[PDB]
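Peer 1: Shown below is the structure under consideration.
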Amino acid sequence: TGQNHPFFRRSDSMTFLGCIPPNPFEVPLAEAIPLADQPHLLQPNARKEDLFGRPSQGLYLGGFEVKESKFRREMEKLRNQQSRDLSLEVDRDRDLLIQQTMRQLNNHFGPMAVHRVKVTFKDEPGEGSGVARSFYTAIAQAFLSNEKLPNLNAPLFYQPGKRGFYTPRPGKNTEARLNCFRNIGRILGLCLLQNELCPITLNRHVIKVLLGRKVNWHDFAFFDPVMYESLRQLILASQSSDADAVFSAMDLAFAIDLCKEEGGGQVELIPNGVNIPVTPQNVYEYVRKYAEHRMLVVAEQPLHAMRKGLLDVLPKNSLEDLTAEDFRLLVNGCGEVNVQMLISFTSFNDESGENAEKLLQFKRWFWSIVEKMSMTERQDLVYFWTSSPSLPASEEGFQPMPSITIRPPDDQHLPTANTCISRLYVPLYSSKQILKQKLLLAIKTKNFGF
Amino acid sequence: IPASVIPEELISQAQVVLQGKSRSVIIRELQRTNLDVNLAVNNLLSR
Amino acid sequence: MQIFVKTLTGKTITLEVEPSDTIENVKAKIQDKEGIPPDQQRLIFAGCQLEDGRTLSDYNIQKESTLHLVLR
Amino acid sequence: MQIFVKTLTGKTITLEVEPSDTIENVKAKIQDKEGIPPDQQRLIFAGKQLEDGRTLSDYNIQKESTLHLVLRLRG
């Protein structure tokens, strides 16, 4: 049609019923989608109105907890329906872990009827329940870094412009990289099916390809914000009072050059020549073809392999009526660690046998030390406790419902972690600096044992 | 057997014997074993 | 140096232990003081059953811990 | 005479060792150097585990040698 082609329209996942959506060109990024410029507002107790802005009035069924609870009973029904297991022997490094994971994940899943996966690294007497979480965060950080690929060699992800969000690169894709893209959605599928957390983070166009929903123009704001703004003022300048005194001197075309993560350069969008100039009356065709080529054309086979790998685990009926945001909440959790929620997930088991005001003064020191701690050390402490670098967003995320306990007082004993399910053991000391030094010395170790 | 007709003493004993599992575990214990605590705890330790 | 092995009813027996003790010595002491056969009981330490091969140090059962006991 | 103790964070403090002592003397030396009790300590080096029943000279270790200290603390 014109400017109102079905690419520039808000989908069902970002609108409210009976309200006219705003115009997608006259409003900046902060006042339209406040989740684009900063992504830390995704919380379990977060309203949808403060995530996608205020809708316009028409005269001028549930939320998170309904979806995730029904999804959790459907996953445990599917889990108890099957009774075939999977054992894993991994190596705590990057290259050996990646190679061993993709050679031991081909024997399985090649629908599927797995039940439970057990994890052991090597020479470690720590076979419990946190080994699966440790394996999931190990494969996530193995595929999350950018060094190389240890044969079967470009990296499998890049960062489109926001830190922490990862989008795949083809990199002259071949018969091995496509299989490595196929066997990475299965890890996310098992994380969804076993009710855990895996630290792999994707942009919403990657997820919306996997779920089976069409990608629109507003999903480009979560991809590249500065290019979104540049094309926004290009469209607004294309409908000025004159619009020909600035497009005759800009000298654009329908040809594209690409960066190192996409390939070469000088690719024609529409055929039969790159010599056409962009007159103002087909600027929307240029914007749509540019965005659609940047998402859905160069990354066609990695996204296709990821969707095939995701549907190789689960049947194609459970992901219906599931948005990308609660998809992120069931997998990535809350992201950063908030200490108030961590206070709300404790019990204070007492076994010290001391009457220093019947305890209840050592805990103020502990919480002051925890609240006066750095963010990386906070993730280190949470990984020290539950073998996971972030906390879930609900009571139902934890199977053992974690706890700390106080031991008989020894001044020389640094704190220990019974992390095979959830528990932390803390000896009692005197004063503050002793506890500070012992705990900040203890929480830098991630090696299991016992 | 309705879930509310049982006292909380049996579920508290099962919790302090076996912890780290769900309320549905005690539901399946009540629906199947018919109050045989040693056999049920041995079966849940056999998995 | 005390371990309270609480039973199902509520009674508590007394034990004197060592952190370096092996489960072969556990079978030795339960045939010494008690005489109960070892194929009729199971033990719980924080939701984690022990094994005859690993020692108490491999399962982190130090001085003044909590242990359970469930008959077969 | 001196050994090379390294950890994850990069701390390195020199130790004094007898040429013909035992492994428990090494563990006593490192607990006296910092304050890490040896019940949570472990020494793994050169692809093998070491038990305190054998001497430090049984395992063919020279002077200014390297050793990796692994803290068995979690489980």
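Identifiers in this document derive from the order of the structure tokens: chains are assigned A, B, ..., residues are numbered from 1 separately in each chain, and ligands are numbered from 1 in order of occurrence.
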What are the closest atom pairs, with distances in Å to one decimal, for all residues of chain C lying within 8 Å of chain A? Consider only C-alpha atoms, order rows by chain and residue number, and present the result as a Markdown table.

Peer 2:
```
| residue | atom | partner | partner_atom | distance |
| --- | --- | --- | --- | --- |
| C:57 | CA | A:450 | CA | 7.2 |
| C:58 | CA | A:450 | CA | 4.9 |
| C:59 | CA | A:450 | CA | 6.1 |
| C:60 | CA | A:450 | CA | 6.7 |
```

Peer 1: For chain A, which residues have at least one atom within 12 Å of chain B, if we go by only C-alpha atoms? Write them as a ChimeraX atom specification, please.

Peer 2: /A:73,76-77,83,116,128-129,395-403,420-423

Peer 1: Keeping C-alpha atoms, export the residues of the selection given above as a PDB file, in the first residue's frame.

Peer 2:
```
ATOM      1  CA  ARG A  73       2.007 -27.907  35.253  1.00  0.00           C
ATOM      2  CA  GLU A  76       5.733 -31.469  34.671  1.00  0.00           C
ATOM      3  CA  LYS A  77       2.938 -33.479  33.026  1.00  0.00           C
ATOM      4  CA  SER A  83      10.955 -41.918  31.604  1.00  0.00           C
ATOM      5  CA  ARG A 116      15.944 -36.078  33.207  1.00  0.00           C
ATOM      6  CA  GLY A 128      23.946 -33.590  43.272  1.00  0.00           C
ATOM      7  CA  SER A 129      21.340 -31.306  41.713  1.00  0.00           C
ATOM      8  CA  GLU A 395       8.700 -19.335  44.659  1.00  0.00           C
ATOM      9  CA  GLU A 396       8.142 -22.154  42.145  1.00  0.00           C
ATOM     10  CA  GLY A 397      11.582 -21.673  40.568  1.00  0.00           C
ATOM     11  CA  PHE A 398      13.316 -23.354  43.511  1.00  0.00           C
ATOM     12  CA  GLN A 399      12.881 -27.038  44.203  1.00  0.00           C
ATOM     13  CA  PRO A 400      14.800 -27.067  47.558  1.00  0.00           C
ATOM     14  CA  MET A 401      13.791 -23.505  48.745  1.00  0.00           C
ATOM     15  CA  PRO A 402      17.240 -22.331  49.934  1.00  0.00           C
ATOM     16  CA  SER A 403      18.456 -21.688  53.462  1.00  0.00           C
ATOM     17  CA  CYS A 420      24.300 -29.866  46.036  1.00  0.00           C
ATOM     18  CA  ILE A 421      20.733 -28.785  46.632  1.00  0.00           C
ATOM     19  CA  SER A 422      20.535 -25.273  48.210  1.00  0.00           C
ATOM     20  CA  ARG A 423      22.032 -24.837  51.683  1.00  0.00           C
TER      21      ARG A 423
END
```

Peer 1: Which is closer to residue 42 of chain B than all the others in C:71, C:8, C:56, C:1, using only C-alpha atoms?

Peer 2: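 Among C:71, C:8, C:56, C:1, it is C:71 that comes nearest to residue 42 of chain B.
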
Peer 1: Give me, as JSON, numbers by chain, the contact residues of chain B against chain C at a cut-off of 10 Å, counting only C-alpha atoms.

Peer 2: {"B": [13, 14, 15, 16, 17, 18, 19, 20, 21, 37, 38, 39, 40, 41, 42, 43, 45]}

Peer 1: Using only C-alpha atoms, which residues sit within 7 Å of residue 140 of chain A once same-chain residues fewer than 2 positions away are excluded, as an NGL selection string?

Peer 2: :A and (136-138 or 142-144 or 198-200)

Peer 1: With distances taken over only C-alpha atoms, which of A:41, A:97, A:314, A:268 is nearest to residue 190 of chain A?

Peer 2: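 Among A:41, A:97, A:314, A:268, it is A:314 that comes nearest to residue 190 of chain A.
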
Peer 1: Using only C-alpha atoms, which protein or nucleic acid residues come within 9 Å of segment 44-54 of chain D? Drop anything in the same chain fewer than 4 positions from it, and give the result as a ChimeraX atom specification.

Peer 2: /D:22-24,58-59,66-70

Peer 1: Output N, CA and C atoms for every residue in that selection, as an mmCIF file, in the first residue's frame.

Peer 2:
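Final file, selection13.cif:
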```cif
data_model
loop_
_atom_site.group_PDB
_atom_site.id
_atom_site.type_symbol
_atom_site.label_atom_id
_atom_site.label_comp_id
_atom_site.auth_asym_id
_atom_site.auth_seq_id
_atom_site.Cartn_x
_atom_site.Cartn_y
_atom_site.Cartn_z
ATOM 1 N N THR D 22 57.262 -33.670 55.275
ATOM 2 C CA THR D 22 56.058 -34.346 54.814
ATOM 3 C C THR D 22 55.040 -33.335 54.296
ATOM 4 N N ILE D 23 53.976 -33.871 53.691
ATOM 5 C CA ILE D 23 52.924 -33.051 53.089
ATOM 6 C C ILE D 23 52.128 -32.313 54.162
ATOM 7 N N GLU D 24 51.934 -32.945 55.325
ATOM 8 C CA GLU D 24 51.260 -32.283 56.438
ATOM 9 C C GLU D 24 52.056 -31.094 56.961
ATOM 10 N N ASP D 58 59.049 -38.223 48.233
ATOM 11 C CA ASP D 58 58.675 -39.415 47.483
ATOM 12 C C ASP D 58 58.143 -39.091 46.096
ATOM 13 N N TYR D 59 57.684 -37.862 45.870
ATOM 14 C CA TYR D 59 56.965 -37.523 44.651
ATOM 15 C C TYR D 59 57.816 -36.728 43.664
ATOM 16 N N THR D 66 56.523 -25.723 41.558
ATOM 17 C CA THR D 66 55.180 -25.180 41.432
ATOM 18 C C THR D 66 54.157 -26.151 42.010
ATOM 19 N N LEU D 67 53.116 -25.592 42.623
ATOM 20 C CA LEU D 67 52.026 -26.381 43.179
ATOM 21 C C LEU D 67 50.740 -25.575 43.074
ATOM 22 N N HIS D 68 49.637 -26.270 42.804
ATOM 23 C CA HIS D 68 48.329 -25.650 42.642
ATOM 24 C C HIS D 68 47.449 -26.037 43.821
ATOM 25 N N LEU D 69 46.916 -25.034 44.513
ATOM 26 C CA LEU D 69 46.107 -25.239 45.708
ATOM 27 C C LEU D 69 44.634 -25.145 45.338
ATOM 28 N N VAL D 70 43.878 -26.189 45.660
ATOM 29 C CA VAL D 70 42.461 -26.280 45.332
ATOM 30 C C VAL D 70 41.686 -26.371 46.638
#
```

Peer 1: Determine which residues of segment 86-116 of chain A receive a DSSP assignment of strand (DSSP E or B), computed from the backbone, and state them as a PyMOL selection string.

Peer 2: chain A and resi 86-89+114-116

Peer 1: Please write the residues from the selection above to a file, keeping C-alpha atoms, as a PDB file, in the first residue's frame.

Peer 2:
```pdb
ATOM      1  CA  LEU A  86      20.480 -38.717  29.724  1.00  0.00           C
ATOM      2  CA  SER A  87      23.876 -38.758  31.446  1.00  0.00           C
ATOM      3  CA  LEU A  88      26.581 -36.184  30.723  1.00  0.00           C
ATOM      4  CA  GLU A  89      30.362 -36.161  31.232  1.00  0.00           C
ATOM      5  CA  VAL A 114      13.726 -37.429  27.415  1.00  0.00           C
ATOM      6  CA  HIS A 115      12.951 -37.258  31.145  1.00  0.00           C
ATOM      7  CA  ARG A 116      15.944 -36.078  33.207  1.00  0.00           C
TER       8      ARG A 116
END
```

Peer 1: What is the distance, in Å and to one decimal place, between atom CA of residue 10 of chain B and atom CA of residue 29 of chain B?

Peer 2: 10.9 Å

Peer 1: Give the helix (DSSP H, G or I) residues of chain B, as DSSP finds them on the backbone, and put them as an NGL selection string.

Peer 2: :B and (8-17 or 23-32 or 37-45)

Peer 1: Write the residues of the preceding selection, restricted to C-alpha atoms, as a PDB file, in the first residue's frame.

Peer 2:
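This is the output file again-v2.pdb:
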```
ATOM      1  CA  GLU B   8      -0.082 -31.759  59.025  1.00  0.00           C
ATOM      2  CA  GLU B   9       1.989 -34.014  61.318  1.00  0.00           C
ATOM      3  CA  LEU B  10       2.487 -36.676  58.629  1.00  0.00           C
ATOM      4  CA  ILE B  11       3.443 -34.109  55.984  1.00  0.00           C
ATOM      5  CA  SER B  12       5.799 -32.405  58.460  1.00  0.00           C
ATOM      6  CA  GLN B  13       7.467 -35.736  59.282  1.00  0.00           C
ATOM      7  CA  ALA B  14       7.795 -36.447  55.549  1.00  0.00           C
ATOM      8  CA  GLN B  15       9.244 -32.951  55.045  1.00  0.00           C
ATOM      9  CA  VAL B  16      11.861 -33.291  57.790  1.00  0.00           C
ATOM     10  CA  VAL B  17      12.748 -36.758  56.477  1.00  0.00           C
ATOM     11  CA  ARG B  23       3.814 -30.803  47.730  1.00  0.00           C
ATOM     12  CA  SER B  24       2.682 -32.992  44.812  1.00  0.00           C
ATOM     13  CA  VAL B  25       5.147 -35.637  46.043  1.00  0.00           C
ATOM     14  CA  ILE B  26       3.122 -35.891  49.261  1.00  0.00           C
ATOM     15  CA  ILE B  27      -0.045 -35.816  47.090  1.00  0.00           C
ATOM     16  CA  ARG B  28       1.171 -38.857  45.132  1.00  0.00           C
ATOM     17  CA  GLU B  29       2.234 -40.459  48.425  1.00  0.00           C
ATOM     18  CA  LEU B  30      -1.302 -40.061  49.800  1.00  0.00           C
ATOM     19  CA  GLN B  31      -3.039 -41.178  46.595  1.00  0.00           C
ATOM     20  CA  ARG B  32      -0.991 -44.357  46.021  1.00  0.00           C
ATOM     21  CA  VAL B  37       5.548 -44.245  55.450  1.00  0.00           C
ATOM     22  CA  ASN B  38       8.639 -46.488  55.373  1.00  0.00           C
ATOM     23  CA  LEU B  39       7.795 -48.016  51.973  1.00  0.00           C
ATOM     24  CA  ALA B  40       6.948 -44.611  50.472  1.00  0.00           C
ATOM     25  CA  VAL B  41      10.121 -42.952  51.784  1.00  0.00           C
ATOM     26  CA  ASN B  42      12.167 -45.933  50.553  1.00  0.00           C
ATOM     27  CA  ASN B  43      10.520 -45.632  47.120  1.00  0.00           C
ATOM     28  CA  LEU B  44      11.230 -41.890  46.976  1.00  0.00           C
ATOM     29  CA  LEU B  45      14.818 -42.655  48.008  1.00  0.00           C
TER      30      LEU B  45
END
```
